[PDB]
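First, one chain by itself in structure tokens, the form solved without the ligand.
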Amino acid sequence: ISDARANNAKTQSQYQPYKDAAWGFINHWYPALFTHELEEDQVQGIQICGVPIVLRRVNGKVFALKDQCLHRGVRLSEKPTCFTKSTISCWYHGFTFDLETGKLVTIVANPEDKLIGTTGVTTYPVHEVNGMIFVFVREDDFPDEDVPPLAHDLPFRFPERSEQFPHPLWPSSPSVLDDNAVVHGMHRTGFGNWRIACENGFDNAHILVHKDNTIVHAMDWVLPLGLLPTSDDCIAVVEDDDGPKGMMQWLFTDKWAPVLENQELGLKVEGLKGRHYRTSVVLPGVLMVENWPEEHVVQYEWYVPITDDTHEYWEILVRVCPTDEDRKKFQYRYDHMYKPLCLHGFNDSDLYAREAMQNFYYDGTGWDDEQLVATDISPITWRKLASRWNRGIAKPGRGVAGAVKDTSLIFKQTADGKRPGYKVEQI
């Protein structure tokens, strides 16, 4: 371990909370499911920050409660059982909860029990917009009054912030919150801790991972070895009360210079063909790549913690489509261009790169022994702001799936060929 590494003792002491958040930052908004994954009267169970959550759509509205019956702890989502439009019941002994408040309103075959009405399950705020269902995953005692607006946990919006973050080389990126904004993408389980997966996206030295991607050569791009920071303010940290807490990297300005050569090895690039884009990241860990893969289109990624060693990776492309025809154009270009070359292919390289780094950090070794360099100003800056502004550190799961990693149940599922997952299997 060299003394020339950027993550020295003082620097590391600045992001201890981050090192302690293996299970994720709780009391934040996270994408839960795509609208198409939850139809009218459909019930679905998931897990975020170690918290089991069940969702149901009733009369067009989505509700979210803890997927844990308070009687004997089974998941309510394994066998969806709802007798009324305003409740969800446990299929085992009939404990029935109010969708709106989560209160135990009754017990199917024991309507007069003294336990009724004296307790209930945790509820989770839901915000569905333009094809996506977001859920505010919170601790049991986080007050309703303190729940912030979804926007506070989403990337910086444009043109709203075009003056704060000038972007003369490309038109404004749309937000999932914008009217007529259309979302195309997917989410799948990533194997490894969410933090390590999150840090890859805005790292300007990992470009090497994409050197051989097909889209790179199909688009005749002659990529740069990487990007180097040239000044101390190459990244802007934003932490105002009203708004997202995160950072913006001044890519395509002189604060970040592209590298073309290496005299040792003897490498040197002389074809400056490429794309104009910009990355930023905000709590709870949302990446935004402006002007990617093309103008008017933007890519967003989430690394939702499920347990301390799995996460649900989201990858979407957004574009505002005012007319029925605009939607068809975007759907078409996604289907025959974006999805096969960008989401699959370009990003697949990121997928395995993240996994390859997990072993170094899981038992704690990497958080101490990693030897960061100049380009690592990016993850380091992120860790510090995340440590300062997170709304809570999730506690390890207890008495839920994922609390114990080597149960006979898990070996059974594994024997049957099932990998660690996210969506609860039913029946």
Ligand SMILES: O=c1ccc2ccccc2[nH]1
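Throughout, we count residues from 1 along the sequence that is shown. Heads up, when I say rigid core I mean the largest set of C-alphas that superpose within 1.5 Å between the two forms.
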## Note on the structure
Comparing mean C-alpha B factor in the record for 354-362 and 34-42, the higher one is 34-42
### Message
So, looking at the entry's B-factor column for Cα atoms, which has the higher mean, 389-397 or 23-31?
### Response
389-397
### Query
Quick one: which of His187, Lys211, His311, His152 has the biggest Cα B-factor according to the entry?
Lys211
### Task
Using the temperature factors in the entry, find which of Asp254, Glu199, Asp140, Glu78 has the highest value at its Cα atom.
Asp254
### Message
Taking only the Cα B-factors deposited for this chain, tell me whether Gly120 sits in the lowest, middle or highest third.
### Response
middle
### Query
Can you tell me which third, lowest, middle or highest, the CA B-factor of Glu301 falls into for its chain?
lowest
### Message
Ranking the modelled residues of this chain by C-alpha B-factor as given in the entry, is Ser349 in the lowest, middle or highest third?
### Response
middle
### Task
Using the B-factor values recorded in the entry, state whether the Cα atom of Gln14 falls in the lowest, middle or highest third among the modelled residues of its chain.
highest
### Query
What third of its chain's C-alpha B-factors does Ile88 belong to: lowest, middle or highest?
middle
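Omitted here: the form deposited with the ligand bound. The next part is about that form.
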### Full three-residue contact with the ligand in the deposited complex, heavy atom 4.5 Å, for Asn27, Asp153 and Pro155
no
### Query
the ligand isn't shown here, but in the deposited complex which of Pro125, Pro224, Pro174, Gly201 has a heavy atom within 4.5 Å of it?
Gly201
### Query
What is the one choice in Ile207, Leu267, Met186, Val129 with a heavy atom within 4.5 Å of the ligand in the deposited complex?
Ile207
### Message
Counting any heavy atom within 4.5 Å as contact, can you tell me which stretch out of 330-338, 165-173, 296-304, 131-139 lines the ligand in the deposited complex?
### Response
296-304
### Message
Can you work out whether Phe346 and the ligand are in contact in the deposited complex, taking contact to mean some heavy atom pair no more than 4.5 Å apart?
### Response
yes
### Message
Please tell me whether any heavy atom belonging to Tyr277 falls inside 4.5 Å of a heavy atom of the ligand, as the geometry stands in the deposited complex.
### Response
yes
#### Entry: Residue contact check: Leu287 to the ligand in the deposited complex, 4.5 Å heavy atom
yes
### Query
Does the ligand get within 4.5 angstroms of any non-hydrogen atom of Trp256 in the deposited complex?
no
### Query
Which is the one residue in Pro322, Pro159, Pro166, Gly266 whose C-alpha moves 2 Å or more between this form and the one not shown, relative to the superposed rigid core?
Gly266
### Direction of C-alpha distance change in the deposited complex, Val373 to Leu272 (at least 3 Å)
farther
### Query
Looking in the deposited complex, are the Cα atoms of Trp292 and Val269 closer together or farther apart than here, the change being 3 Å or more?
closer
